[PDB]
């Protein structure tokens, strides 16, 4: 570590701590930036050499965090919690946590290399028949193929190709991650992740939330299973059993909007899937981003800077380069460079993703002048909710009409049901999955789930919550959790469950602030500068203040609350409930053991 990056001398009182924090900040931007840059160079161009460079950058980051971490502990570890500047408390709090910097040198290297190798495995995995990539090839098949056998080949091929080789590395990563964070005072890595929400009752609170949301999920599930039964027959669909995991339009069955055309209750109404219109109008990735950008500026939030357009990767490279296609938003910590890396496809659901990612960027733009340690969301769920809130307005038939993607719908009860169903397939279907992923990972981190039970416990949770079953037999050679991006890429997941609840709280508060007075689900906050000012306040706060306070200022409540979500969906909730009772549906999957047979002569 260069002497210019070393911590100097500071007094052991609150005054000296302010100077310490300032000095940290003065050096941290350079170190964080070199690391984000190397990560970028790798993720947009996966090679052995770029991985080597990224790891080298990661090592320097760890060295810097060690030097300043230890100095913070030495000087302030007792007294810092009693400092009366809450922002300073948060900075010191952040700096004293070394994470992987706690590992001895050889283990830091092992850890850094594991991250590289798991990332490589997931993002370069292919299914050969030459060979299909996840994005766009297998994504497209799962989205639009209605051949049972073809869907199965894609689902099984993907889970096999991505999951199996990840398992040994993931075991090694879990052990090292735990060793690292134990030194920071946490029982395991999961405990560290959960600490970001600063709630002694976090897990209970999520459980209570889910209890309220579950009946909506059960009704949607029963309704969709009925349609699937009509399409695929009694051989492949059990009306009292879990749904085969490959039939819901999505590799992870995490969102079901791609099977909308199968379940659209009133087809004679205008087609709410505007994809073919985007295609006919010649929309490209770049136009999707401009359209998203303009919504932000309509709220008097920030446009994307030139560095964003010049630096971002908005399409899958045509040069055959290997990239991490999974959409992400990047803060380079230099207050100038902000980027999105997305293998953008021209679809309606991709348009929503563009908004999601740009929500992240907008947060970055708004809090770029805070000290580095405070450049985070009020909690990670806040960061995930921003773009989704705007996307709720964009999805409304009225907004789609405003932007030339839809002919004015008859504002009647049946148009409402269509729309709320399409939204339910996207938002309600996700809830059990958003909830279960970190439950699996928390179990792994605590040792409750050893490698010998990785798949057993994954499918337990997948069945328990989503009511799905694998369409082919799985065993512990398979590592099906590994075939979902966030696991090998070590990105926490509970943020999304939190987000999916919170975004409806945001939507309600912003719509009220916008002076809108109709039904919640028909709200469009486009061009509300009052709604923009309210959202801006949240964004500029970063992690400077307790999330409960920031939420109170915004929404009038200091807690996550399912009621705004329920109010938004109430009409389709009622309707689905009636369709299910009239069809004599069983709510749930009491034949919990059931799996479908193989298609004739597979493969």
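Numbering follows the first chain given and starts at 1. So that the term is clear: the rigid core is the largest set of C-alpha atoms that superpose within 1.5 Å between two forms.
- Take 83 to 91 and 341 to 349, fit the other structures onto the shown form by the rigid core, and average the C-alpha distances in 5 other deposited structures of this protein: the farther stretch is 83 to 91.
- Comparing 205 to 213 with 405 to 413 by root mean square Cα distance to the shown form in 5 other deposited structures of this protein, with the rigid core used for the fit, gives 405 to 413 as the more displaced stretch.
- The segment from residue 129 to residue 130 is interrupted, since 4 to 9 residues of the deposited sequence in that interval carry no coordinates.
- When 29 to 37 is weighed against 573 to 581, 573 to 581 comes out higher, by mean CA B-factor as recorded in the entry.
- Look at the mean CA B-factor for 465 to 473 and for 204 to 212 in the entry; the higher one is 204 to 212.
- Out of 514, 247, 191, 428, it is 514 whose C-alpha atom has the highest B-factor in the PDB entry.
- Taking only the listed residues 343, 175, 361, 263, the entry reports the highest CA temperature factor at 263.
- Among all modelled residues in this chain, the alpha-carbon of residue 99 has a temperature factor (C-alpha) in the middle third.
- Annotation for residue 447: CA B-factor lies in the middle third of the chain's modelled residues.
- For residue 355, the recorded CA B-factor ranks within the lowest third of the chain. Only modelled residues enter the ranking.
- For residue 491, the recorded CA temperature factor ranks within the lowest third of the chain's modelled residues.
- In this PDB entry, residue 337 carries a Cα temperature factor that places it within the middle third of its chain's modelled residues.
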